[PDB]
Amino acid sequence: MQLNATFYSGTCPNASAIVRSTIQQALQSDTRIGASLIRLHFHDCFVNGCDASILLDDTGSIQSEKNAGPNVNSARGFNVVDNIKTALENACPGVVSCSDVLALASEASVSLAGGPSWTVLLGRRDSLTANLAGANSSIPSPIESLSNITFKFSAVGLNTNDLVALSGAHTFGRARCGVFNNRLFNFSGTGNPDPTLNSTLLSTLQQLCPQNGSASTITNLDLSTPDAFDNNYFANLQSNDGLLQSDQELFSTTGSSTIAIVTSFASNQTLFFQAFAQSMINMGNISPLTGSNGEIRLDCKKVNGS
Ligand code: HEM
Ligand SMILES: [Ca+2]
Ligand SMILES: [Ca+2]
Ligand SMILES: [Mg+2]
C-alpha cells in the first residue's frame, strides 16, 4: 500500500498538533532535542526502512540497534519519543505507529527551529525485529569518502541531490570530539591537520579536543547558529568551517557536483528549504511496512504483548 497524508484524519485528527506541542515543551529544557529526534528518523529509515526498528530495546530475542556503532553513546531522545507516544495514546489509543511518530517528530522539530514545514506521509507500521548488524553496515560514517557516503545513500534510494540537502540537517545539533578529531593533529597519517579545516576553527577544536583528552566532549555542528534550522550550515562550508569531514567534503572535493549544490543552498535559503522538505519525504518513503505487515506498537521500546 501507499503512505498518505490523511492516514489519521478520521481517527487521530489532532496528531500533528500533539506531536508539535510535545516537542515544543521538550525544547524548553533541551534545546538539542529537535536535532536528536530528526536524527532518529534518519537512523531508522536507513536500516530495514522507516519501521521504528531503532526504538526497540534488547530482549532475549532482540539485539537492539541502540548498540550499533552509529547509535551507541550518541543517539538520544528515546524518552521524548516515549512522551510523544504517550500523548498520542492518551488522545488516540492504539492509533499512531512509532514509525509515524518519528516522521511526524522530524517535521515538527525542523519547523519549530525555523525550518520548512512539509506534508508528512503516514501509514507506516512498526517492525517486530531490529537490525544491529545492518545499522553497522548501512549508516554512513563521517570519515568515509564522498564516494562511499554517496553509495550508502544510493543503496537506500537517495541520490546526490538528496545527500547534499539532507546533510543540511547538520545546521543544528551536536557532535563529539571522537567523530572529527582525526582532522585536528595527524589527518590520515599525513602528520598535519586536515588542510580543508579553517586554521581558526582548527585551533579552537584542538583545545576542545586534545589528543590525550576525552573523545566524548561535544561541540556544535553549526558554529553560526547552533540550534536554528537555516542554510548557515552551507555557508560554513564555503569558509572551511564545516565540522565533520563528511560535511566539508561536500564543498572541498575538487571537480564534485556537490560544490554547486552547496553554493545554491548557501546563496538561497528558499531553495535549500524546498529541497530539504522534498528529500525528507523521499527518505520517509523508504521501505515502509504497511497493511498486515508490522504492527502498531503501544510502547515504542517493545513488541506488543511482551
Ligand atoms: C551524510 C551523511 C551523514 C553522516 C556521515 C552523519 C554523521 C553524524 C555524526 C558523526 C554526528 C555526530 C554524532 C555525535 O557525535 O553524537 C551527526 C549528528 C547529527 N546528524 Fe548526521 N550524518 C549524516 C547525515 C545526516 C542526516 C541525513 C540527517 C537527518 C536528516 C542527520 C541529522 C543529524 C543531526 C540533527 C545530528 C545532531 C544529533 C544530536 O545533536 O543529537 N545526519 N551526524
Ligand atoms: Ca529501521
Ligand atoms: Ca543553524
Ligand atoms: Mg561566511
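Just the heavy atoms: all of them, side chains too, but no hydrogens, waters or symmetry mates, feed the values below. Here, residue 1 is the first one in the sequence, and each next residue gets the next number. We count ligands from 1, going down the list as the structure has it; atoms in each ligand are counted the same way.
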message: Under 3.0 Å from the Ca ion (ligand 2), can any N, O or S atom of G49 be found?
response: yes

- request: Taking all heavy atoms of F78 and all of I54, pick out the closest pair and write down the distance.
  value: CE2-O, 4.2 Å

Part of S167 within contact of ligand 1 (heavy atoms, under 4.0 Å): side chain

N/O/S atom of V47 inside 3.0 Å of the Ca ion (ligand 2), strictly under: yes

- line: Any heavy atom of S141 under 4.0 Å from ligand 1? The part involved is backbone

message: Which residue is it: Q274, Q278, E107? I am looking for the one with a side chain to side chain contact (heavy atoms under 4.5 Å, CB included) to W118.
response: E107

task: Can you figure out which of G178, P142, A169 has its heavy atom closest to atom 29 (C) of ligand 1?
output: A169

Residue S127, metal the Ca ion (ligand 2), N/O/S under 3.0 Å: no

message: Applying a heavy-atom cut-off of 4.0 Å, say which part of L163 lies close to ligand 1: side chain, backbone, both or neither.
response: side chain

task: Report, rounded to 10°, the angle at the Ca ion (ligand 2) between the two atoms OD1 (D44) and OD1 (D51).
output: 80°

message: Within the structure, is a non-hydrogen atom of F153 found at a distance of less than 4.0 Å from ligand 1?
response: yes

message: Heavy atom to atom 43 (N) of ligand 1, shortest distance: which of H41, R176, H170 holds it?
response: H170

message: Below a 4.0 angstrom heavy-atom separation, can you tell me which part of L221, side chain or backbone, both or neither, approaches ligand 1?
response: side chain

- prompt: Does the pair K66 and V72 meet the rule for a side chain to side chain contact (heavy atoms under 4.5 Å, CB included), with working shown?
  reply: CA-CA 6 Å; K66 291 176 179 181; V72 74; over 6 Å; no

query: Under 4.0 Å from ligand 1, counting heavy atoms only, is it the side chain of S36, its backbone, both or neither?
result: both

